[PDB]
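# From the sequence below, what's the structure:
(chains A, B, C and D)
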Amino acid sequence: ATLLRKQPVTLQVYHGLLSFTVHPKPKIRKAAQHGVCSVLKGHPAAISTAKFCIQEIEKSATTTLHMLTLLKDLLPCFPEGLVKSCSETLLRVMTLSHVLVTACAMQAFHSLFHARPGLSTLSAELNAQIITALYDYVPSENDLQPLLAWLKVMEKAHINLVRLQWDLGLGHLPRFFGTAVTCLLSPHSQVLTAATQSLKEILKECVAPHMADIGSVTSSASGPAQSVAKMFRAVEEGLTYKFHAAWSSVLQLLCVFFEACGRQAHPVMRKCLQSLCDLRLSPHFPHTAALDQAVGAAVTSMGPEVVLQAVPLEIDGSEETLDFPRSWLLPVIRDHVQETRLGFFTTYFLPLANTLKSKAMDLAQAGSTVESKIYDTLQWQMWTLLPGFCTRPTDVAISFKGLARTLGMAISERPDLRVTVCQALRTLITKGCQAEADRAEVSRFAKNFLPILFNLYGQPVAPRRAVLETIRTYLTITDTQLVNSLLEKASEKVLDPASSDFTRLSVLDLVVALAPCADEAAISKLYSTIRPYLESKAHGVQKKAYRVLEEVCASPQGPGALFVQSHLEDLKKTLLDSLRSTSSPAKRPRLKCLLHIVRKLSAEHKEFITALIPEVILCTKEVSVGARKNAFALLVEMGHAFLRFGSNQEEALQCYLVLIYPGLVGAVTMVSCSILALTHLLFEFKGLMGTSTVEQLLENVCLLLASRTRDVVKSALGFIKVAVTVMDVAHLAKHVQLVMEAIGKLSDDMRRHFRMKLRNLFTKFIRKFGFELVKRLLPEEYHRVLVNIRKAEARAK
Amino acid sequence: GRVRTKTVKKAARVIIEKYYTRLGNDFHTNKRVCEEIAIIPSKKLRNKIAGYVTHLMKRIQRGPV
Amino acid sequence: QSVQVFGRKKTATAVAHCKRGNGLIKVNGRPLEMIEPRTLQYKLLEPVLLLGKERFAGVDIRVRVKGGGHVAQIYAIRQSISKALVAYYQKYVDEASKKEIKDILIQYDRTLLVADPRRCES
RNA sequence: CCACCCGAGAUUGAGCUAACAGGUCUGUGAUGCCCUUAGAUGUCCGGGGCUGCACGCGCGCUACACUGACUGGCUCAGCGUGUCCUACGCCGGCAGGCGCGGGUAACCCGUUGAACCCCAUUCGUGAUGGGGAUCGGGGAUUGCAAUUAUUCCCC
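Numbers count the residues shown, from 1 in each chain, chains lettered A, B, ... in the order given. Here you go, the structure:
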């Protein structure tokens, strides 16, 4: 095998190698088979071996299985006429009733169609002849051994036929789709799953990439579009009352067909929607979610105009009864409209909403409060569709003019809907300013929406934060000159002494929103105005000032970045000067501002960071959880920043540590501060800080395990947990005994209160080492807790 | 983490099945009508009730449960 | 041009290969009359004798037979022959003819088309 | 579930080895008695027995036959197996030996080549050739050993 792979008489040597496949020894036969496979795949000898195939199969009851195994391994490397003759041989041997030879032949077809042979090996005409020759078997419906691989091999064959010539493949596909629908009546769930997977894969790979070439299909199609419509009617006639068991699979197949083909298959697709609406009218339908997903996929592919032409909403104004049968269509439209036109939303959903709201108010003022609530909920539901319509509009350059004044009035004097309108605006922006004329129209109406939103946010009492987020993004998408004008007006309103505190705070929030969207001169003037406010005794004014400083330093590029590199020295001086008089809430944004000036800090700035260190640690033990998160992130950030000031990372980390080491010496709360800081640093700089040094810190933690204060003990336990998680078991084994001895002589009350942390620590130690060692070296009572860990290791399995 | 308590569950089910009409979508309006409706011991229980009923009226007004 | 069906009875399965032929019914290389249980040879010929000799003039059926005993064996063979005729006249011949022969077969014996669902209980 | 805006607070502090009938098992007594060339079955060696048979109560196998028995021919399975399961040839009446191969297993046994059943011959209503025990001789395996028949084969 090796010699023939490496290299008239060569044909004789190959014949001598080939002729002993039928040798009865399982080891000789397998070696010869693998040798022939390695020689052919490593060809002028394919004709001779294929002739040997046909001849000694025709001469032959156990060698046929072995020879069909070689046919499985060797069909792709055969010439076209020999492929045809071997295929005829496989049909001749599956004319017999033997299950094993038929299984080997269909597995050979699986390996032939799976490798995707070229035009020289398998042509389109030969593939079609082989595929149509395979339609004579289908023994019954429910054999479950040959059926799954059966439709698998002509799944692969249909994929190959589409790959060779797409129009013929699409033409022959739908009758196979009909046979798949027919064999979805099998009592075995595996047949249903295989059919669903095969049809889904065929629709995704063979039909979906040719979506544009086929074009729109109607009821009078001629070419492959008719084939598209005809496996559509196959899968749609697979929705009748014959199944009652495959409806989830048929709904999934409908969903993937809608996603594949709806945009050009819409003229014929309506009756499927009518039947799907009729199925949901059943008393007890367990496939409600699957049907809703299928209808949502149809809506996503097409859009609600043709869907409502097919299955209309019966909530058009005045109804007689109170049980709306198609009330699920509005959640479907809300959840699944993404690529439709806004003009349909206007011209269909605005007057209907106005009439329903008027009817609800007229019924509410007439005494009936049950129908009015239903109508108000209905109009709220059908005007939550606007974020769906604002997903990807195709005519928002011409239809947004028809909604500007309406949305302005609705965000002015309609509070219960306001958030959704805000959300809709945000949703529109977040995925609708891809083009330039669209963004120009949004700016041209932004110059009108801005006073309305500012007056809405500045009113006394309201959903202020949704309006604020809308203002933030909506001002990131607008021109800078009007931003400068409104920033000047907001600075005038802030500096005016005749304003109330609530108004001052609201205009400071507007200043926060307007700060990152201005130019460098306006940002510098705003920074000069806000700089004296950092020492104000009011915590709110200082908080908004630090939020302004955080927002102007947040942008990585733009006028804010140029302002940062222009005024870094003054910013450092001011932030170091205002350290002493910072209020407790104002710690939370300020750290972020410091964060925003650490990531782009130059090498000559060690004094600033080593002066900021105790503030950051005291903020790691701040009251606010957001301040703690910001201080931990800032510690990680300056740890990263010292990894840029020197060539050796480990030495820089050691310097960063000896800048924070004395904090374990001072006050008790400062000791707990430093232990928590080292605990957070140990989880991020695991090996780079140096294992032996870890051990030293661990030893110090054991001394801090002797402290009376509960906070220091808790922080030490957290550090020990992080160290056991992080540093190596070989390095642990030198220092198990000392830390567990320090744990053992803790206290009675300290052990009783912190029983869960000690339990988890003993669990980690027993998992990482022997149970008997920790059993021996601990004192008496701890033994009981120790043994409990064992059944976890026994009964988590 | 945080989980809802069963007493809050049963009390909010009573409030939903009894007086859904005057309930709305705003948090504080729901809280004040809730403290108007029932016999009520505690502030924190009231606020948990108000938050839970507000979230489930965000839920059920999309579709029935 | 050809169909392949099976007939099951207990364990015995007989696969019938039906083709447009010249009027030969071959069962494992042997004709119907030269199957060994000649006491029970009429059951194997009941479709052929009952339905007549007429339209069997161009039908070639090769039956490959495996498993079971002798009585269940010949019943599986005869039900496979009947099902092969039904399937062939369903596929390549008109609908009403196969409906008619199904009506006659069900009118004579129900087991000629459907198999016995009961089998050896553990 | 995560992150974030607002908010003073989106989690900062206090209290909670003990209980089990949930399972189940050989540690602590200077524990009460009784025994210890009267070994709480002391170790090994050789040979027997568990089948022995007048009799009762019962599980099963084979039958009393003609719907049978003998002879020849015919054709169909599954649960399971194996480093002792066996494929092939020779010597063989015949159990079995001899030379050779596979299988640590949907592969080799093994298309598991079954038996009643069917198709032909003879027997012909009697302790019959039905039914086969109980005995007499030889032969061949299994095993250190077949004598109290181990087992099977031929009259």
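# For chain C, just list every one of the strands.
C:2-9, C:12-20, C:24-27, C:59-66 (DSSP state E).
# buried ones in the shortest one?
I take that to be strand C:24-27. Buried positions in strand C:24-27, judged by neighbour count with 16 or more other C-beta atoms under 10 Å in any protein chain shown: C:25, C:27. In short, each C-beta sits where N, CA and C put it, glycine included.
# ditto for the longest one
Of the residues in strand C:12-20, those buried by neighbour count under the rule 16+ other C-beta under 10 Å are C:12-19.
# quick check, nearest of the residues you listed to chain A?
Chain A lies nearest to residue C:15 out of these, by C-beta to the nearest C-beta, at 3.6 Å.
# Next one: the residue at minimal distance from the centre of chain B from residue B:8, what distance?
Nearest residue to the geometric centre of chain B (C-alpha atoms, centre = their mean): residue B:53, 2.9 Å. Using C-beta to C-beta, to the nearest Å, residue B:53 is found at 9 Å from residue B:8.
# Within its local environment, how many residues does the nearest residue to residue A:328 once chain neighbours are set aside see?
Once flanking residues are discounted, residue A:328 sits nearest to residue A:292: 6.4 Å by C-beta to C-beta, 6 or more residues apart in numbering or on different chains. Using other C-beta atoms under 10 Å in any protein chain shown, residue A:292 has 20 neighbouring residues.
# just to revisit the earlier point, turn the buried residues of strand C:12-20 into CSV, columns for distance to residue A:487.
Below are the buried residues of strand C:12-20 laid out as CSV (distance: C-beta to C-beta, whole Å):
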residue, distance to residue A:487
C:12, 93
C:13, 88
C:14, 92
C:15, 88
C:16, 90
C:17, 89
C:18, 89
C:19, 90
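# Name the nearest of those relative to RNA strand D.
Distance to RNA strand D, by C-beta to the nearest atom of the strand, is smallest for residue C:12 among these, at 6.2 Å.
# circling back to that earlier point, in CSV, list the strands of chain C along with distance to RNA strand D.
Listed next are these as CSV, based on distance: least, C-beta to the nearest atom of the strand, whole Å:
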stretch, distance to RNA strand D
strand C:2-9, 11
strand C:12-20, 6
strand C:24-27, 9
strand C:59-66, 5
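# would you list those strands in JSON lines and tack on distance to chain A?
Shown next, in JSON lines, are those (distance: least, C-beta to the nearest C-beta, whole Å):
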{"stretch": "strand C:2-9", "distance to chain A": "6"}
{"stretch": "strand C:12-20", "distance to chain A": "4"}
{"stretch": "strand C:24-27", "distance to chain A": "12"}
{"stretch": "strand C:59-66", "distance to chain A": "4"}
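# Quick one: name the residues of chain B near chain A.
By C-beta under 8 Å from any C-beta of the partner chain, the residues of chain B that approach chain A are B:21, B:24-25, B:61-63.
# and which of the buried residues of strand C:12-20 is nearest residue C:66?
The closest of those to residue C:66 turns out to be residue C:13 (C-beta to C-beta; 5.9 Å).
# Go ahead and confirm that closest one touches residue C:7.
Yes: if you go by C-beta atoms under 8 Å, residue C:13 and residue C:7 touch, sitting 6.9 Å apart.
# Could you tell me which residues touch both of the two?
Common neighbours of residue C:13 and residue C:7, using C-beta atoms under 8 Å, 6 or more residues apart in numbering or on different chains, are residue C:76.
# Helix or strand: which one has residue A:461?
Per DSSP states H and E: residue A:461 is located in neither a helix nor a strand.
# count of residues packed around it?
6.
# what's near enough to touch it?
No contacts exist for residue A:461 under C-beta under 8 Å, 6+ apart.
# From residue A:542, how far out is it?
24 Å.
# Could you do residue C:95 as well?
Look at residue C:95 and residue A:542: by C-beta to C-beta, they are 90 Å apart.
# Remind me what the longest helix along chain C packs against, helices and strands.
What stands out as the longest helix in chain C, according to DSSP state H, is helix C:71-91. Under the contact definition 3 or more C-beta pairs under 8 Å, 6 or more residues apart in numbering or on different chains; DSSP states H and E, helix C:71-91 sits against strand C:2-9, strand C:12-20, helix C:41-51, strand C:59-66, helix C:95-108.
# Go ahead and name everything in contact with the fourth one.
Contact partners of strand C:59-66, identified using C-beta under 8 Å, 6+ apart, comprise A:96-97, C:12-28, C:73, C:76-77, C:80-81, C:84-85, C:88.
# For that strand, which strands pair with it and how are they oriented?
Strand pairing for strand C:59-66, using DSSP bridges, gives strand C:12-20 (antiparallel), strand C:24-27 (parallel).
# Go through the ones you listed and name the closest to residue A:342.
strand C:12-20 (63.4 Å).
# For the closest one, C-alpha coordinates in CSV please.
Output in CSV follows, covering the C-alpha atoms of strand C:12-20 (Å, rounded to 0.1, in the frame of the first residue of the first chain):
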residue,chain,number,x,y,z
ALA,C,12,-41.9,-14.2,8.0
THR,C,13,-41.4,-11.4,5.5
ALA,C,14,-41.7,-11.8,1.8
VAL,C,15,-40.7,-9.0,-0.5
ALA,C,16,-42.5,-8.8,-3.8
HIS,C,17,-40.8,-7.2,-6.8
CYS,C,18,-43.5,-6.5,-9.3
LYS,C,19,-42.7,-5.6,-12.9
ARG,C,20,-44.5,-5.4,-16.3
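# tell me the angle that strand makes with helix C:71-91.
For strand C:12-20 against helix C:71-91, the angle by axes from the mean of the first three to the mean of the last three C-alpha atoms, to 10 degrees is 30 degrees.
# For chain B, list the residues in contact with chain C, please.
Within chain B, no position is near chain C by C-beta under 8 Å from any C-beta.
# ok, and the residue of the stretch 151-300 of chain A found nearest chain B, which helix or strand is that part of?
Distance from chain B to each residue of the stretch 151-300 of chain A (C-beta to the nearest C-beta) is smallest for residue A:292, at 9.3 Å. Taking DSSP H and E as the definition, residue A:292 sits inside helix A:288-301.
# in the next helix or strand after that helix, what counts as buried?
Sequence-wise, the next helix or strand downstream of helix A:288-301 (DSSP H and E) is helix A:304-310. For helix A:304-310, the neighbour count (16+ other C-beta under 10 Å) marks A:304, A:306-308, A:310 as buried.
# Stretch A:541-559 now?
Under 16+ other C-beta under 10 Å, the buried positions of stretch A:541-559 are A:541-555, A:558-559.
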